[PDB]
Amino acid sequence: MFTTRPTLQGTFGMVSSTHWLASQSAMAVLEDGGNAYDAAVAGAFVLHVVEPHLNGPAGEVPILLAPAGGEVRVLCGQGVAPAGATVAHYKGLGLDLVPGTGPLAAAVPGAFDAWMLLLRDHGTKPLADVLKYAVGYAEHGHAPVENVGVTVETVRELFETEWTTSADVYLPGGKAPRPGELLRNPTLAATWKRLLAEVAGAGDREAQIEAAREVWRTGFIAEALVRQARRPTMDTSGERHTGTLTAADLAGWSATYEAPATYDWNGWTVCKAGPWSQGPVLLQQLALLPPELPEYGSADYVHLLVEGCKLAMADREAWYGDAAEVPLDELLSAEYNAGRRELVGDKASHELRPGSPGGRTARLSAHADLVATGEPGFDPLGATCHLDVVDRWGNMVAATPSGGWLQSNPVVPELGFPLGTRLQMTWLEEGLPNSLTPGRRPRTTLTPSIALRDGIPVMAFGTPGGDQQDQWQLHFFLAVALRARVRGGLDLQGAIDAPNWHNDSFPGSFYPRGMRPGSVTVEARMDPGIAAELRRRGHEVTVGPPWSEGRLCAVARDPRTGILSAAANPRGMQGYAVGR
């Protein structure tokens, strides 16, 4: 059956990104004798350069690693709230929600240290060799996707009149980025060059990376980041606000390692980031399922997954965060889920219905009843980044880097990129698992995956898309497990090509945090009689464009044979797999 690309098959290496330049750059590292981790670092810094409307160096990343021999391990590069970032203080500024923009929304930048840790512990190449790709595209340029310039044009007024440091970089002479022309960021290029220059004498390979961690943390980069954070900056409130971020917030924070959250289902184990991410909501969706699923791709199959997703999202909202303990074991226990799956009815729920793990009463944010109505604001994703790598030794990696995008903070002038906005996902209200809390991660949408089959790592995957990330991935992963193999291998690309969907019947992670009761969005190429079945069952169905749902990436290994594979999303003509 026709797929938009092949599910690539090979024996040397495989890469799948949300951007071809990053895929091929990561692959170049494999060709040069590097490993999956070297590769992913290189690709990640290329992604800063080629998707700056969707990520940047002062953003975040969860990384799932599965080294050939050993344990599936999480590397947390999601930063924390600053020491002065209290609910009280934000409330004191007459705010009910954390703003979508500006330095009040910035968490401590976590991505950089995370990639440095990865390189130091699991890589083999020096910083210089792995980050030369991004430097080259930064200083000498690349032909951007139309969404870069279209994004800049959305915040033209804001840039010209207010965030003038961003105008300097993205509107040189008032000229927005155009496709077919070389887009440059010479400042960002200068920033990595300086970084490299002043760590070159630091010693051996590992010492150079460690010295670079300190340059980000206490050096010229940190100085500039703090300096920018403390400058009054216009945001979504309509006032110029200042950030509580300080030199010591940066100096104290490092990326850390963790065990993954895991769940065994039907011969597979899925690995995710802990409940400080939304990661576990995929696992909760799997735990909800009965043993005997309806026909793959049928109306009953979709309906079942939508209602199950609603119930898992409710639990996400009620229970997930980093300001409290999360009762994850109980949320994935058979006992709990046996109760919960009965709540799947013939009709579509328009209600947010969190459960009671261990008898605990669910406490929700005051904003959790609020209804988003209108059309959604500009989507820079419309038709976060992602990359996966598997190498010749069988090491795998799956990372979902995001934040520090161009349209939500002014550029830090001496660096070339802005601060992030992830604190927007917390609540300005005390006593909750996701209450804005000093030294704590916001509840982050970034959620890569690694799948085991019989306890062996076989698939590394992910996608951007905010609150759709672990909906789209759930649909994908089930398709992979339920679809007939193609060329004696997992039908990765057929699963990606497959019509995908999402719901919005829960409070969104992004400012202004509305929900759309009973709202579900299918691609136009889903069977129209399925769409008709759902409306009949009380769904409020929006029929989106044919090639609009999911920016999936996947790499895989067959353990029996050693053969590496890869697929990538065709929607938005940007995502791309490479290997051999």
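Numbering starts at 1 and runs along the sequence shown.
According to the record, the deposited sequence contains 10 or more residues between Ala383 and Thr384 that were left without coordinates.
Comparing 272 to 280 with 356 to 364, the higher mean C-alpha B-factor in the PDB entry belongs to 356 to 364. Mean CA temperature factor is higher for 342 to 350 when stretches 342 to 350 and 98 to 106 are set side by side in the entry.
Among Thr151, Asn395, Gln208, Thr400, the highest C-alpha B-factor in the deposited entry belongs to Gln208. Which of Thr445, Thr218, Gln493, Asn409 has the largest Cα B-factor in the deposited entry comes down to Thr218. In this PDB entry, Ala531 carries a Cα temperature factor that places it within the highest third of its chain's modelled residues. Split the chain's modelled residues into thirds by C-alpha temperature factor. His142 is in the lowest one. Annotation for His475: CA B-factor lies in the lowest third of the chain's modelled residues. When the modelled residues of the chain are ordered by C-alpha B-factor, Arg422 sits in the lowest third. Looking at the C-alpha B-factors along this chain, the one for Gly136 belongs to the lowest third.
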